[PDB]
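What follows is a set of notes on a single structure, which appears directly below.
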Amino acid sequence: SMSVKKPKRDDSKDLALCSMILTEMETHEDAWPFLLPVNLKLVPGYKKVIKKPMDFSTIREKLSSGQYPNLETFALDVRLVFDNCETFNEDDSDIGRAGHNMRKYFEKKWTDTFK
């Protein structure tokens, strides 16, 4: 509350460390469904159904331009990519499996770097 604060966690490396995680996600062999925004002209149903599209190149641009206020808003966009994927793709599909794999890969790196 006013003039009452928990001890200050060092967040000075968070930007660099999110960048590193994101590089690892970009270079994973199962990243291909997620590298670029889904083409809303060429994929029927996507625009209407997925209210907030997100992809790794959009997260990279937001990160590089100071549009994440803190490490939690970064994680929320990464998770949005996978939540969107599950919304639109059957689990038993190459893309559906890719999303599950990448979400696991992310959540481990996230826990190991920050928890």
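Note that these values count all heavy atoms, side chains included, but never hydrogens, waters or copies made by symmetry. Starting from 1, each residue takes its place in the sequence as its number.
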* For the residue pair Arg60 and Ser19, establish whether any side-chain heavy-atom pair is separated by less than 4.5 Å. => yes
* Structure fact -> Of all heavy-atom pairs linking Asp10 and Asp14, the shortest is O-OD1, 4.2 Å
* Less than 4.5 Å apart, any side-chain heavy atom of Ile50 and any of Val38? -> no
* Under a single-linkage definition using a 4.5 Å side-chain heavy-atom cutoff for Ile, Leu, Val, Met, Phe, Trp and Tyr, are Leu35 and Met102 assigned to the same hydrophobic cluster? -> yes
* Side chains of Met25 and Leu22 in contact at under 4.5 Å (non-hydrogen atoms) -> yes
* Asked: Is any side-chain heavy atom of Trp110 closer than 4.5 Å to a side-chain heavy atom of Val78?
  -> no
* Do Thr23 and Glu26 come close enough that some side-chain heavy atom pair is under 4.5 Å? -> yes
* **Check: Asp30/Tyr105 side-chain N/O donor and acceptor closer than 3.5 Å** => no
* Is there a side-chain contact between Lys51 and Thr87 (heavy atoms, below 4.5 Å)? -> no
* Asked: Do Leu40 and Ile59 belong to the same hydrophobic cluster, where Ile, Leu, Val, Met, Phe, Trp and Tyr are linked whenever their side-chain heavy atoms lie under 4.5 Å apart, directly or via other members?
  -> no
* Asked: So, the side chain of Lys47 versus the backbone of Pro44: is there a donor-acceptor pair under 3.5 Å, distance only?
  -> no
* Under 4.5 Å between side-chain heavy atoms, hopping through other hydrophobics if needed: is there a path connecting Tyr46 to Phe82? -> no
* To do: Using the rule that two of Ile, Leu, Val, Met, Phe, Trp, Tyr join whenever any of their side-chain heavy atoms come within less than 4.5 Å, decide whether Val43 and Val49 are in one cluster.
  => yes
* Asked: Think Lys109 forms a cation-pi with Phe106, using NZ or CZ under 6.0 Å from the six-ring centre and within 45 degrees of its axis?
  -> no
* Kindly give the heavy-atom pair with the smallest separation between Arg79 and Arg103, and that separation in Å. => O-NH1, 4.2 Å
* Ion pair check, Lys52 and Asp83, cut-off under 4.0 Å -> no
* To do: Report the relative orientation of the aromatic rings in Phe56 and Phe34; use parallel for angles under 30°, tilted for 30 to 60°, perpendicular for over 60°.
  => tilted
* Asked: At what distance, to the nearest 0.5 angstrom, does CG of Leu15 lie from CG of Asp11?
  -> 10.5 Å
* Asked: Donor-acceptor pair, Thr73 side chain versus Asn70 backbone, under 3.5 Å?
  -> yes
* Asked: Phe88 versus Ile95: any side-chain heavy-atom pair under 4.5 Å?
  -> no
* **Enclosure of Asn39 CG (heavy-atom neighbours >12, cutoff 6.0 Å)** => yes
* Asked: Which atoms form the tightest heavy-atom contact between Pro37 and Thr58, and what is the distance?
  -> CG-OG1, 4.3 Å
* Side-chain heavy atoms of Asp77 within contact of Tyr68, under 4.5 Å -> yes
* Structure fact -> Note: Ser93 and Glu90 closest approach over all heavy atoms is OG-O, 2.6 Å
* Asked: Do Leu63 and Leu80 sit in the same hydrophobic cluster, where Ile, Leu, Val, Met, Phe, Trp and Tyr count as joined when their side-chain heavy atoms come under 4.5 Å apart?
  -> yes
